[PDB]
Amino acid sequence: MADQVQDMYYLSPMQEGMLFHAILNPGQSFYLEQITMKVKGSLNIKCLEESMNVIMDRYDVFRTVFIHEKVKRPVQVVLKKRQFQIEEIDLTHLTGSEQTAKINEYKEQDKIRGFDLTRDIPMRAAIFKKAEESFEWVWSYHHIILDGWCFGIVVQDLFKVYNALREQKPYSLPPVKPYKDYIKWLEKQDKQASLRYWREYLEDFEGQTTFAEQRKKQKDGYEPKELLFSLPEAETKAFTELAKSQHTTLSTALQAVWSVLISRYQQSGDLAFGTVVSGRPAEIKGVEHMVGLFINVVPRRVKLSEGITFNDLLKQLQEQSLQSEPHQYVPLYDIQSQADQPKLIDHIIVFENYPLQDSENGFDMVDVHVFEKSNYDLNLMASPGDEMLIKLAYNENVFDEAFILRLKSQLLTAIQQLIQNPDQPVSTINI
């Protein structure tokens, strides 16, 4: 009802693409993030639920629903108020194995259910009580309203409010600019110019099947496996110092190392891979604190000339990052149409924190597992820390475990060698 509506506005191109595929592929876990937290301690579910309702009121995207039927163009509608409820389930009368079964049953049905974006709050939570001070919290949300960085903001706020309610002390949260300001910014962007930026960037790129000689083609479907390792502290510090000394980021430096490795396997100096970009335009005041969907997967195309050094590559990538910033809102589908290559990239490199990791909150998160549908057969996911954390997540029906172990070995030695000689040709790095 109009009286219940706060606001209405169009979708970002990325949101619009997600709504389209979400509607067209119900039941397939598209765009669903499901986090399972094992919790030990005196979690107060009522307090957590009050905290979640402060978050609901604070960030318009949680009160947003989507309309696609009987309209010229989809719209997102912000409701003035929506009450969040945590589903509380008591499993204390079940055996351990029976508890695991009930929780896995919930998680599997949750993936299939997804969200009805025309009516549901695009976030939900179930908390299973397994014993006194023993819980599992399954937190689900849809990426059409929230990317990872924005999720981190929400987590921070949620636990700031929870802890103030627990300590029975006043609190405040700083003002936030609403997500509609990003939608307004998009209005001012020349969409054809952004398509042209990508068309020119990808001009004359010839396709690439990455690690073609290692790809198996036998077993059907995705068999998800992961290899986790850490870069030692000394190397992590030196790699971080190197990135900063070249006025770039850890993420760009990791992409640069990867480029060297890909160039060898592809026997080519023109290569591409997927990268996650923030999508937060600097000209938007306070964008870094907004909550919504900004982060995008875009192609990175790297060109290695004879003699190119690692510091040369850092400069190349850093400059391209800056040039791409106004155009990071373009969906990958539209980008890849500008190259006439629907499979232009076939793996991704992601550098990110996770705000939930395994005192203050009165309880411990003893385990955290994240489910997200996998769109590529290989994904390199790194996270900052005293030891940089690197995860190679892959489809074992395509890549052998032995090959992923070889990539780990090659990554580690390449990083070590490039730290030591960032001003020699990268062709001299032994892998």
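In what follows, residues are counted from 1 in the order of the sequence shown.
- If you check the side chains of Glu136 and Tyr106, you find no donor sitting under 3.5 Å from an acceptor.
- Aromatic rings of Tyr31 and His142 (six-membered ring for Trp) have centroids within the 6.0 Å cut-off, being under it.
- In this structure, the side chain of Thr36 does not engage the main chain of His369 through any donor-acceptor pair within 3.5 Å.
- For the residue pair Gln255/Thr275, the side-chain donor-acceptor check at 3.5 Å is satisfied.
- A donor-acceptor pair under 3.5 Å is absent between the side-chain atoms of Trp198 and the main chain of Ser337, judged by distance alone.
- Ring centroids of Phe211 and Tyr394 are separated by 6.0 Å or more, keeping the two rings apart.
- Using cut-offs of 30° and 60° on the angle between ring planes, the pair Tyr141 and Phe151 is parallel.
- Both tests pass for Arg124 against the ring of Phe115: distance under 6.0 Å to the centre and angle within 45° of the axis.
- Counting only N and O atoms by type, the side chains of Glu325 and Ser321 include no donor and acceptor under 3.5 Å apart.
- Between the side chain of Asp367 and the backbone N or O of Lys38 there is no donor-acceptor pair closer than 3.5 Å.
- A side-chain donor from one of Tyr201 and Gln320 sits under 3.5 Å from a side-chain acceptor of the other.
- For the pair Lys111 and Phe371, the distance from NZ or CZ to the six-membered ring centre is under 6.0 Å and the angle to the ring normal is within 45 degrees.
- With hydrogens and angles left out, the side-chain atoms of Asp116 and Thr118 include a donor and acceptor closer than 3.5 Å.
- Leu186 approaches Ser12 most closely through the heavy-atom pair CD1-CB, 3.5 Å.
- Counted by atom type alone, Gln246 and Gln318 present zero donor-acceptor pairs between their side chains at under 3.5 Å.
- Under the 30°/60° scheme for interplanar angles, the aromatic rings of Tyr162 and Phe363 are found to stand perpendicular.
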